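Residue numbers (this note's numbering), protein chains in the order written: chain R, 12 to 462; chain A, 112 to 264; chain E, -9 to 41.
Every residue gets a Cβ at the ideal spot worked out from N, C-alpha and C, and that includes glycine.
Below you'll find the structure, written out as structure tokens, and then a few comments.
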Amino acid sequence: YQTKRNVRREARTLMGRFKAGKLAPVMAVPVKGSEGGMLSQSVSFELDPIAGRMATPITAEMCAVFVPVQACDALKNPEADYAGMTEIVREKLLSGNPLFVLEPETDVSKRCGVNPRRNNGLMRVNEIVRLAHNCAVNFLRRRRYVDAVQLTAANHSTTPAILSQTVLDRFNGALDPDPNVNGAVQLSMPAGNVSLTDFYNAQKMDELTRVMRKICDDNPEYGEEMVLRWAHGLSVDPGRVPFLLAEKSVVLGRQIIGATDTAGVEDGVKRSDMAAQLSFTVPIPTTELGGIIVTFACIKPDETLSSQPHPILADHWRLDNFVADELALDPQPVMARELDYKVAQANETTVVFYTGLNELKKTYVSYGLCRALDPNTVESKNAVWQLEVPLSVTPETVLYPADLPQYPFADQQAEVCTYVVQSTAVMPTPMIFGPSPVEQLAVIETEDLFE
Amino acid sequence: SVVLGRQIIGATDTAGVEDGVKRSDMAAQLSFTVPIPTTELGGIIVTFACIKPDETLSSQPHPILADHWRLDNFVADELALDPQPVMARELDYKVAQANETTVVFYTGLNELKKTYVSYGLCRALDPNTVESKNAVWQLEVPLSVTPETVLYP
Amino acid sequence: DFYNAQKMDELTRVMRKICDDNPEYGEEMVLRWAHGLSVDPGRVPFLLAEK
């Protein structure tokens, strides 16, 4: 066995809606052990009508994450020791009991399009779909930032979207600089001496801790543990972690339809319709046990800071001593007053994250309206749909706000988008199948042909 | 046979544009030219025509995710060499409580897993919405009962 | 029956070689081989030279 003998293929088509600013799952293709082949998926996008034209771009998203069976077991039994190991999963499968058992329906399972099973007059679906979604969204959060909030197995609803760039990553800052980089050297003083061997063992510890930072950052999964094993000369088990299959994005197009009646023409009534099409075709990974390829899709607005004080004109005009500037060689604190103007009075003077010397002046990108303009006007031409993040508080946040108001659409709380998916999978498999049966013949028994 | 084309006509008034009013018109043309058969007595060439929706099972449980996750003994799989019964619980989720465990038709070993085609809406979506863009016109056959049925409802 | 057998005779003989060609993991890899599983490689010893 473990060889390709027969073939199974699947072709699922689904339609639905999801709310903007949320990482809505679209489908979940199951993969068994020793299954590999081709997987082609395509997602259409259609948004509800928007008054006026929308110069602000809207981006589309599509992701494909392969969640192995090993990772789903860890969420099911986190406190259990060696829960995620392959052999532990391997032994439980051989026991004859099911590794994953049925559960009631949930919003996560419904959106994937897993049709339920009628058991004892109740709908039932396997727990693997819920665990796979929770692990997949967790995996995407580690990519933007390793120390990110991670969902448990108890989640039963759609999750918020994920930012494309964190505030700290934008300004390349740090909440807390380490004490080793440009650190302290021990001093003997029992007439004393700092000794020449300390500060020599250091001055590479500064170099050695920085390479330790990249090994736990280039690989967000196994982070804060592979560095432990890397120092001792050990390696992690590869199969547990998930991995990414494909990523697609495109700015939604715009089609303008104008009114023609007398009242509409005089006022200037018009419409903006958005649509997009994305697809990918990637091979299916082959594993001894198997997994699920959870697909995601999302629509997000432009991520630009409408509220950020000007680093030059907002603060005082000063003659800078460049001699002292090059002499710092140390992180400089940043207050919330420098990040936005929507700051509370108490939090105006509060260190939020450390950064370099002249950071927040190297780059300054701002998109938004003029402060003199009244937002009640330009209900037509209302193009400004941008994430009005509070900022300052939780700079390291990786997730979108739980409630994102959809201003340009008529209904804020309605699922504005409508999507149609077409997933086609061809999976060579080691499955056996069997011969087809036949139908009863009423000429042989009623005449005794085979006498 | 041919798939009917689609022509989209959109509204232009103020109320229609804001709501998103629009129309879909369908049309088709088919023809044939064949010789008339010759017979001693004769006959009648009855012509038929019909329009039907897509025939895809919107209601069918997933052969993998709906049922339990099991490690399959391929040794016993090749050893069967016999028809395996199928219950109505494996064909759809609109089954009555009594008919959940009732053999409906015998098949092979891993049938219902070789192929799985499904077209329909998401269970989370509310059908009262999308009265516009209402594209889902598919035969919602009860299934299970009368699997050998040849005729439409 | 006798058709499911007459390859069981063939199928048990291939099961004998997989547990004989590999004495280590014997009587267990045949269990995993039927279900489509594999053993962890690093545990077992192996031979270097013979003279």
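Exercise for review: Give the single residue among R/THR271, R/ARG20 and R/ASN130 whose Cα lies nearest to the Cα of R/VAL437.
Suggested key: Indexing the first sequence from 1 puts residue 437 of chain R at position 426. Selected option, being the one with the closest Cα: R/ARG20.
Check your understanding: In three-state DSSP terms, what is R/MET346?
Key -> Here the question's residue 346 of chain R lines up with position 335 in the first sequence. Strand.
Review point. Can you tell me the Cα-Cα spacing of E/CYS9 and E/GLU18, whole angstroms?
Key: Here residue 9 of chain E refers to the residue found at position 19 of the third sequence. Here residue 18 of chain E refers to the residue found at position 28 of the third sequence. Those two C-alpha atoms are separated by around 8 Å.
Check your understanding: Are the region 359 to 367 of chain R and the region 176 to 190 of chain R touching by the rule of at least three beta carbon pairs closer than 8 Å?
Key -> yes
Check your understanding: In chain A, which residues lie less than 7 Å from R/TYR93 when you measure between Cβ atoms?
Key -> By one-based count along the first sequence, residue 93 of chain R stands at place 82. Residues of chain A passing the Cβ test: none, with the nearest at roughly 19 Å.
Exercise for review: Closer than 7 Å by beta-carbon distance: list the chain A residues that pair up with R/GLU21, in chain order.
Suggested key: Indexing the first sequence from 1 puts residue 21 of chain R at position 10. Those within 7 Å of R/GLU21 in chain A are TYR227.
Practice item. Could you tell me the distance, in whole angstroms, from the CA atom of A/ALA187 to the CA atom of R/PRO448? Key: Taking the second sequence and counting its residues from 1, one reaches residue 187 of chain A at position 76. Taking the first sequence and counting its residues from 1, one reaches residue 448 of chain R at position 437. Rounded to the nearest angstrom, the two C-alpha atoms are 19 Å apart.
Exercise for review: Kindly give me the distance between the Cβ atoms of R/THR67 and R/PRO322, rounded to whole angstroms, as I take these residues to be in contact under 8 Å.
Suggested key: Numbered from its first residue, the first sequence carries residue 67 of chain R at position 56. Numbered from its first residue, the first sequence carries residue 322 of chain R at position 311. In fact, because the Cβ distance is near 24 Å, the residues do not count as touching under 8 Å.
Exercise for review: Output, in sequence order along the chain, the residues in the region 180 to 207 of chain A whose CB is closer than 9 Å to any CB in chain E.
Suggested key: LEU182, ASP183, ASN184, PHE185, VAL186, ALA187, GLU189, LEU190, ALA191, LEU192 and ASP193
Exercise for review: Check each candidate in R/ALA347, R/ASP92, R/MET223 and R/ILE268 and name the one with the smallest Cα separation from A/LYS133.
Suggested key: Here residue 133 of chain A corresponds to residue number 22 of the second sequence, with the count starting at 1. It is R/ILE268 whose Cα lies nearest to the Cα of A/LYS133.
Exercise for review: Throw me the rounded Cβ distance for the R/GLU407 and R/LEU255 pair, which I believe falls under 8 Å.
Suggested key: Translated into the one-based positions of the first sequence, residue 407 of chain R becomes position 396. Translated into the one-based positions of the first sequence, residue 255 of chain R becomes position 244. Going by Cβ atoms, the distance from R/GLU407 to R/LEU255 rounds to 22 Å, so no, they are not a contact pair.
**Study point:** Exposed unless 16 or more other CB atoms sit within 10 angstroms - verdict on A/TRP248
**Key:** Residue mapping note: residue 248 of chain A aligns to position 137 of the second sequence, counting from 1. So A/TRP248 counts as exposed.
Review point. Where do the N-terminal and C-terminal ends of the alpha helix (DSSP H) with R/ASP217 fall, by residue?
Key: Here residue 217 of chain R is taken as the residue at index 206 of the first sequence, counted from 1. First-last of the alpha helix (DSSP H) with R/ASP217: 216 to 226.
Review point. To which residues of the same chain is R/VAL247 closer than 6 Å at the C-beta, ignoring the five residues directly before and after it?
Key: Taking the first sequence and counting its residues from 1, one reaches residue 247 of chain R at position 236. Only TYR233 and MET237 meet the Cβ criterion.
Check your understanding: Just the Cα atoms here: how many angstroms apart are R/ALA91 and R/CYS83?
Key -> Position 80 of the first sequence, counted from the start, is the residue given in the question as residue 91 of chain R. Position 72 of the first sequence, counted from the start, is the residue given in the question as residue 83 of chain R. If I take the Cα positions, the gap works out to 13 Å.
Check your understanding: Across which residues does DSSP place R/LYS33 in a beta bridge pair?
Key -> If you number the first sequence from 1, residue 33 of chain R lands on position 22. According to DSSP, which records beta bridges pairwise, R/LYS33 is partnered with R/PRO171.
**Study point:** Reduced DSSP secondary structure (H/G/I, E/B, other) of R/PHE254
**Key:** By one-based count along the first sequence, residue 254 of chain R stands at place 243. Note: R/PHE254 maps to strand in three-state DSSP.
Exercise for review: For the beta strand (DSSP E) holding R/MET438, just list the boundary residues, first then last.
Suggested key: Taking the first sequence and counting its residues from 1, one reaches residue 438 of chain R at position 427. Start and end: 428 to 440.
Review point. Among all the DSSP beta bridges, which residues are the ones paired with R/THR24?
Key: Start at 1 with the first residue of the first sequence, and residue 24 of chain R comes out as number 13. Per DSSP, R/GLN433 and A/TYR230.
Point to revise | Residues that DSSP places opposite A/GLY121 in a beta bridge | key: Against the second sequence, residue 121 of chain A aligns to sequence position 10. Answer is A/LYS133.
Practice item. Report the neighbours of R/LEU105 on chain E: residues whose CB is nearer than 9 Å to its CB, in chain order. Key: Within the first sequence, the letter at position 94 stands for residue 105 of chain R. Per Cβ cutoff of 9 Å: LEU21, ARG22, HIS25 and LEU27.
Check your understanding: Near R/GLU359, which residues of its chain fall below 8 Å by C-beta distance, leaving aside the five closest residues on each side in sequence?
Key -> Mapped onto the first sequence, residue 359 of chain R falls at position 348. If we look at R/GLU359 and ignore the five residues flanking it on each side, its Cβ neighbours are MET346, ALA347 and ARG348.
Point to revise | A/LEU223 to R/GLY445 span [Cα, whole Å] | key: Looking up residue 223 of chain A in the second sequence gives position 112. Looking up residue 445 of chain R in the first sequence gives position 434. Answer to the nearest angstrom: the Cα atoms are 12 Å apart.
Check your understanding: R/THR388 to R/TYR378, Cα distance in whole Å?
Key -> Within the first sequence, numbered from 1, the residue matching residue 388 of chain R stands at position 377. Within the first sequence, numbered from 1, the residue matching residue 378 of chain R stands at position 367. Their Cα atoms are separated by approximately 18 Å.
Practice item. Return yes when the Cβ of R/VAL354 is within less than 8 Å of the Cβ of R/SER283, no when it is not. Key: Locating residue 283 of chain R in the first sequence gives position 272, where the first residue counts as 1. Locating residue 354 of chain R in the first sequence gives position 343, where the first residue counts as 1. Contact: no.
Review point. Which class does R/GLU114 belong to by DSSP, given the choice of helix, strand or coil?
Key: On the first sequence, residue 114 of chain R is found 103 positions in, with the first residue counted as 1. The answer is strand: DSSP assigns R/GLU114 an E or B state.
Review point. Which value, in whole angstroms, describes the spacing of the CA atoms of R/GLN433 and A/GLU251?
Key: Stepping through the first sequence from its first residue, residue 433 of chain R is reached at position 422. Stepping through the second sequence from its first residue, residue 251 of chain A is reached at position 140. If I take the Cα positions, the gap works out to 20 Å.
Review point. Using a Cβ-Cβ distance under 8 Å, would A/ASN245 count as near chain R?
Key: As a first step, residue 245 of chain A is located in the second sequence; it is residue number 134 there, counting from the start. It does not; no Cβ of chain R falls within 8 Å.
Check your understanding: Terminal residues of the continuous alpha helix (DSSP H) containing R/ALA308?
Key -> Here residue 308 of chain R refers to the residue found at position 297 when the first sequence is read from its first residue. Per DSSP, R/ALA308 belongs to no alpha helix (DSSP H); it is in the beta strand (DSSP E), 302 to 312.
Point to revise | For E/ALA24, the first and last residue of its enclosing alpha helix (DSSP H) | key: Counting from 1 along the third sequence, the entry for residue 24 of chain E is found at position 34. First-last of the alpha helix (DSSP H) with E/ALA24: 19 to 25.
Exercise for review: Give a yes or no on whether 8 Å exceeds the smallest Cβ distance from R/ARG122 to chain E.
Suggested key: Position 111 of the first sequence, counted from the first residue, corresponds to residue 122 of chain R. No, R/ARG122 lies away from the interface with chain E (no Cβ there is under 8 Å from its Cβ).
Exercise for review: For E/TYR(-7), return the contacting residues in chain A, with the cut-off set at a CB-CB distance below 8 Å.
Suggested key: Sequence index remark: in the third sequence, residue -7 of chain E carries index 3 (1-based). By Cβ distance, chain A contributes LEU192.
Review point. When the cut-off is 8 Å and only beta carbons count, does R/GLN81 lie next to chain E?
Key: Numbered from its first residue, the first sequence carries residue 81 of chain R at position 70. It does not; no Cβ of chain E falls within 8 Å.
Review point. For the putative contact between R/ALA147 and R/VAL78, defined by C-beta atoms under 8 Å, what is the C-beta separation to the nearest angstrom?
Key: Your numbering for residue 147 of chain R matches position 136 in the first sequence. Your numbering for residue 78 of chain R matches position 67 in the first sequence. Right, their Cβ atoms sit about 5 Å apart.
Check your understanding: Taking contact to mean at least 3 C-beta pairs separated by less than 8 Å, is the region 232 to 246 of chain A in contact with the region 151 to 161 of chain A?
Key -> no
Exercise for review: Would you check whether the ligand FMN has a heavy atom nearer than 7 Å to the C-beta of R/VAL305?
Suggested key: The ligand FMN is not among the ligands present in this structure, which contains no ligands whatsoever.
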